[PDB]
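Inside the fold
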Amino acid sequence: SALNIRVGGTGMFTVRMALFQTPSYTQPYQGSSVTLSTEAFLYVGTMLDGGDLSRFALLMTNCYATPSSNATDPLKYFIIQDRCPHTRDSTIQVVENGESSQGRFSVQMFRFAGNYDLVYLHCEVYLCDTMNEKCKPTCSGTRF
Amino acid sequence: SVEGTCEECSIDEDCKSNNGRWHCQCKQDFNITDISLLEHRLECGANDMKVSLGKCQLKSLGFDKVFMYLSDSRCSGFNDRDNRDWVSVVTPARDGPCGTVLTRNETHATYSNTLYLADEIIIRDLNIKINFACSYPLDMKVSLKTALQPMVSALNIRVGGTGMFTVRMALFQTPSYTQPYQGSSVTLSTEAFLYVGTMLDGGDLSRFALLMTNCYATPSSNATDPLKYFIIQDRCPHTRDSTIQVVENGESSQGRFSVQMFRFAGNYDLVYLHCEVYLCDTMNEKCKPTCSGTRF
Amino acid sequence: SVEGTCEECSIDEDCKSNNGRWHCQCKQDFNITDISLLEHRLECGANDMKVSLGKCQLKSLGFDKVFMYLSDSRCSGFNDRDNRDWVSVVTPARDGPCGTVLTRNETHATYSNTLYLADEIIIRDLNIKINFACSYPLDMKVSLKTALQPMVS
Ligand SMILES: *[C@@H]1O[C@H](CO)[C@@H](O[C@@H]2O[C@H](CO)[C@@H](O[C@@H]3O[C@H](CO[C@H]4O[C@H](CO)[C@@H](O)[C@H](O)[C@@H]4O)[C@@H](O)[C@H](O[C@H]4O[C@H](CO)[C@@H](O[C@@H]5O[C@H](CO)[C@@H](O)[C@H](O)[C@H]5NC(C)=O)[C@H](O)[C@@H]4O[C@@H]4O[C@H](CO)[C@@H](O[C@@H]5O[C@H](CO)[C@H](O)[C@H](O)[C@H]5O)[C@H](O)[C@H]4NC(C)=O)[C@@H]3O)[C@H](O)[C@H]2NC(C)=O)[C@H](O)[C@H]1NC(C)=O
Ligand SMILES: *[C@@H]1O[C@H](CO)[C@@H](O[C@@H]2O[C@H](CO)[C@@H](O[C@@H]3O[C@H](CO[C@H]4O[C@H](CO)[C@@H](O)[C@H](O)[C@@H]4O)[C@@H](O)[C@H](O[C@H]4O[C@H](CO)[C@@H](O[C@@H]5O[C@H](CO)[C@@H](O)[C@H](O)[C@H]5NC(C)=O)[C@H](O)[C@@H]4O[C@@H]4O[C@H](CO)[C@@H](O[C@@H]5O[C@H](CO)[C@H](O)[C@H](O)[C@H]5O)[C@H](O)[C@H]4NC(C)=O)[C@@H]3O)[C@H](O)[C@H]2NC(C)=O)[C@H](O)[C@H]1NC(C)=O
Ligand SMILES: *[C@@H]1O[C@H](CO)[C@@H](O[C@@H]2O[C@H](CO)[C@@H](O)[C@H](O)[C@H]2NC(C)=O)[C@H](O)[C@H]1NC(C)=O
Ligand SMILES: *[C@@H]1O[C@H](CO)[C@@H](O[C@@H]2O[C@H](CO)[C@@H](O)[C@H](O)[C@H]2NC(C)=O)[C@H](O)[C@H]1NC(C)=O
Ligand SMILES: *[C@@H]1O[C@H](CO)[C@@H](O)[C@H](O)[C@H]1NC(C)=O
Ligand SMILES: *[C@@H]1O[C@H](CO)[C@@H](O)[C@H](O)[C@H]1NC(C)=O
């Protein structure tokens, strides 16, 4: 004879992203703010500080910039749109996405038009199981 | 009396200090059996999952020695070593080690594993296995903390534009200031009272008030005429004429002055009305002029 | 040849009528880059202030799409809708709405606000902000138009 009692616990993985300077993705920043020029290339990468399962891959469902820290802002400049980079901008190139836990997107700096002085970066990400999904998105031009 | 005072024993474990008697024992807080069987706590970590039970509860339930096992016996329980009341075990949050499995659906993944409890190696009467699971969301919001302050080469060119507010005044008939006139000319008698008011047809800012710096009448339309009969002199009405009364001036955009009719002395048949006005900012100036008799 | 003749296109926008070819395009009048960057016009209203630029000039400067913003983004540019050549925006002549401020001195008040220009949401090379201001006199002459004809015995 055995007694079974159900127990459940809500949890949360750890996810973070870093701003690298070099094209080799070497040194993260540590200051609360940085200064840059338009010609400077903004190299950024994402990482999992925990749960680095080999079969969980990092897929950028969409990334965007915002003038303010608050993510829910109407003024969004999608840099990655629904698993693919935004076209009509040659400076947007992603070396790796979905291959492994190290997701990096490269783009050169921009400024919001208006009185907005500060620019923030936000992203949404979907962990992909390599067992079932290919997790290597492929795309081309839109409807036209 | 190996230890002189209470600090050796746990804060949760109450210490009975007495002459000739010393020990620390639980209280009603961790006392009962059934709810203790219902008692537990869980913690889902980023890379590990922990389950723990109160050692006092286990001792009260008769389990002087506590044996905690999972689906894989290589995992064994041990003391909390952070808060001594609990006893806890750890499981890496993966599939394959310690017997843990991966339950996945479209929304978010989940990890499930079982905890086995017993007083000894063998189980005689009851075999309670605690089935626990942690849910890890598969979609989550992430924000880059470090903001950016880009630099751009901007061109500044100055531009200026001369403008003009709109100002007008009206001749009302009634003391209530109700109907303006529309004809190019009017006819009146001396006994008739001439009620007039001024208005801003635009720019009705709440902090801009209307102040009559001076008002005067002229026999002709041309303002620059030597023959002026000042009705309001330097922000105040002209004295020595009881018929000159102003209900409001500087209070708001509606400036009204009341005076009964007059005629210029001479061949002058027509009389005109002109005024000068200063818009007053309520933030700084009181804009409520006050005055009395002159030098004497 | 959807439209038979020239009247559809703007008077300022010259219409090229030809057999087998039809369109309307600008001329030397609105052609150059630098002076066009120097080109503008302003209008100070009783209760509103307007700034506008020639749409042809913007098209010639490569800004196929025109984004006009002020110190407050709730204010957005739009077509003139009176003379189609211009594109203009409006600002109420007060302090607080649309980010406008009030600069005041003893002689007369002044209103200052900034206009931001760009081809898209982001700015890459040049960020030109047009600083404009209107001066409203604080003392002015007012004359009652309707004269009077009093009667006396
Ligand atoms: C992908 O996968 C994920 C998970 O991996 C899915 O998301 C998960 O879905 C489950 C199921 O909905 C979620 O669990 C549920 O949580 C409920 C509470 O959630 C809130 O409170 C939490 C408190 O900590 C909080 O953390 C959380 O964030 C929420 O805010 C919980 O109430 C649910 O329990 C009910 O359902 C259980 C399973 O059916 C049931 O267990 C069984 O119960 C019977 C009954 O005795 C027992 O015999 C069985 O032994 C036992 N175990 C089994 C079957 O295995 C519970 O008992 C409980 O049953 C319902 O619960 C109702 C309320 O929840 C009660 O409603 C009351 O009813 C009264 C009348 O009877 C009155 O009308 C009263 O007004 C009314 O409120 C019922 O009474 C009661 N039954 C009975 C008979 O009384 C459940 O555990 C889980 O949280 C969620 N994941 C996350 C992260 O949140 C996702 O959907 C999947 N997606 C896809 C696409 O597949
Ligand atoms: C209360 O507040 C009100 C306003 O709110 C005050 O009244 C206002 O005062 C200002 C200042 O005087 C007035 O603006 C001035 O208008 C001048 C023209 O005005 C007439 O023409 C207008 C044309 O439309 C017309 O509408 C108007 O009614 C008048 O008829 C204008 O010329 C003035 O510009 C000079 O000053 C600018 C500010 O210093 C300066 O801007 C800077 O310039 C430098 C130089 O390159 C640049 O680097 C800066 O980026 C730029 N911007 C800044 C500093 O912010 C202009 O460039 C310009 O500079 C002078 O201008 C002189 C003539 O104005 C030139 O003189 C020539 O010089 C030559 C030698 O160099 C020869 O000698 C030549 O013969 C000679 O003519 C200078 O050359 C030039 N500098 C250089 C280096 O070349 C100014 O904008 C405003 O109009 C007025 N308000 C109203 C409603 O009229 C009031 O006073 C306040 N009162 C109190 C009590 O506080
Ligand atoms: C656990 O519960 C028992 C319940 O019996 C507690 O014993 C009671 O202790 C209080 C102390 O003031 C007495 O007044 C009651 O008369 C006792 N109960 C009975 C039935 O006699 C006991 O103290 C609780 N704590 C522990 C550690 O056992
Ligand atoms: C804008 O300026 C250019 C200047 O090149 C104009 O092109 C000239 O057009 C005339 C038309 O008779 C020719 O004679 C010139 O030879 C042209 N210039 C050159 C350098 O070849 C153009 O027409 C102007 N207007 C527009 C709308 O572009
Ligand atoms: C973010 O903005 C939305 C709407 O723009 C608002 O409802 C929400 O409260 C804001 N949150 C923060 C933290 O600013
Ligand atoms: C008004 O009168 C002055 C002098 O009396 C004269 O210089 C001016 O030209 C006159 N203007 C009109 C419009 O009559």
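Structure determination for this entry is recorded as cryo-EM, at 3.35 Å resolution.

Right, let's get into the pattern of salt bridges. The full count for this structure, using the stated rule, is 22 salt bridges over all chains. Note that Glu248 of chain B and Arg256 of chain B form a salt bridge whose closest N and O atoms lie 2.9 Å from each other. A residue is classified by how much of its surface remains accessible, and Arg256 of chain B, at 10% relative accessible area, is buried. Salt-bridge contacts for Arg104 of chain C lead to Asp281 of chain B; the nearest nitrogen and oxygen are separated by 2.7 Å. Within this pair, whereas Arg104 of chain C is found in the loop between β8 (101-103) and β9 (108-118), its partner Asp281 of chain B is found in strand β22 (residues 272-281), the two belonging to separate chains.

Residues and elements named next belong to chain C. Close to ligand 4 lie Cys26, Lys27, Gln28 and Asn31, which account for all nearby residues. In the model, an oxygen atom of ligand 4 is placed 3.1 Å from a nitrogen or oxygen of the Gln28 side chain. Between ligand 4 and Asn31, the relevant distance is 2.3 Å, taken from an oxygen atom to a side-chain nitrogen or oxygen of the residue. Taken by itself ligand 4 offers 560 Å² of open surface, and the protein chains cover 27% of this. Looking at the shell around ligand 4 residue by residue, the class counts come to one nonpolar, two polar and one charged.

Residues and elements named next belong to chain C. One pass over the structure, following the stated rule, counts 16 disulfides over all chains. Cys26 shares a disulfide with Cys56; S-S distance 2.0 Å. With a gap of 30 residues between them, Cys26 in the loop between β2 (21-25) and α1 (34-38) and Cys56 in helix α2 (residues 55-60) connect regions that are remote in the sequence. Under the relative-accessibility criterion, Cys56 is labelled buried at 11%. Covalently, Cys44 is tied to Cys134 through a disulfide, its sulfur atoms 2.0 Å apart. Since a negative S-S torsion denotes a left-handed disulfide, the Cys44-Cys134 link at about -90° is left-handed. Of this pair, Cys44 sits in strand β3 (residues 41-44) while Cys134 is found in strand β11 (residues 129-137), placing the two residues 90 residues apart along the sequence. Note on accessibility: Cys44 and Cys134 belong to one class, buried. Each bonded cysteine of chain C is numbered by sequence order, and under that numbering the disulfide pairs are 1-3, 2-4, 5-7, 6-10, 8-9.

With that out of the way, let us pick up the pairing of strand β6 (residues 77-81) of chain A. All names here are of chain A. Pairing between strand β5 (residues 56-66) and β6: three bridges, direction antiparallel. Of the residues in β6, the one forming a bridge with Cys63 is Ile80. With two bridges connecting them, β6 and strand β7 (residues 84-85) associate as antiparallel partners. Following the sheet pairing, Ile80 is matched in β7 by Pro85.

Another point: the domain arrangement of chain C. In many analyses, interface size is given as the accessible surface area lost on bringing the parts together. Residues and elements named next belong to chain C. Considered domain by domain, chain C is made up of domain 1 (1-31) and domain 2 (33-137). One C-alpha centre belongs to domain 1, the other to domain 2; they are set 28 Å apart. The interface is formed by six residues belonging to domain 1 together with seven residues belonging to domain 2. The junction of domain 1 with domain 2 conceals about 480 Å² of combined surface from both sides, 57% of it contributed by carbon and sulfur atoms. Together, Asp12, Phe30 and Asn31 form the three largest contributors to the area buried by domain 1 at its contact with domain 2, with a combined 67%. Put simply, domain 1 and domain 2 have zero salt bridges between them. At the boundary of domain 1 and domain 2, one finds zero residue pairs in polar contact. A breakdown of the residues in the side of domain 1 that touches domain 2 according to their chemical character gives two nonpolar, two polar and two charged.

Definitions and cut-offs
- Residues numbered from 1 in each chain as written, not as in the entry; some residues may be left out.
- Chains lettered and ligands numbered in written order.
- Heavy atoms only, no water.
- Salt bridge = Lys/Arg side-chain N within 4 Å of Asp/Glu carboxyl O.
- Buried < 20%, exposed > 50% of the residue type's maximum accessible area, 1.4 Å probe, protein only.
- Helix = DSSP H or I, 4+ residues; strand = E, 2+ residues; numbered from the N terminus.
- Near = heavy atom within 4 Å.
- Polar contact = N/O pair within 3.5 Å; in protein donor to acceptor, adjacent residues only side chain to side chain.
- Areas by Shrake-Rupley, 256 points an atom, 1.4 Å probe, with all protein chains shown as cover.
- Nonpolar A, V, L, I, M, F, W, Y, C, P; charged D, E, K, R; others polar.
- Disulfide = S-S within 2.5 Å.
- Pairing = 2+ DSSP bridges.
- Domains from an automatic or database assignment.
- Contact = heavy atoms within 4.5 Å.
- Buried area = accessible area lost by both parts, 1.4 Å probe.

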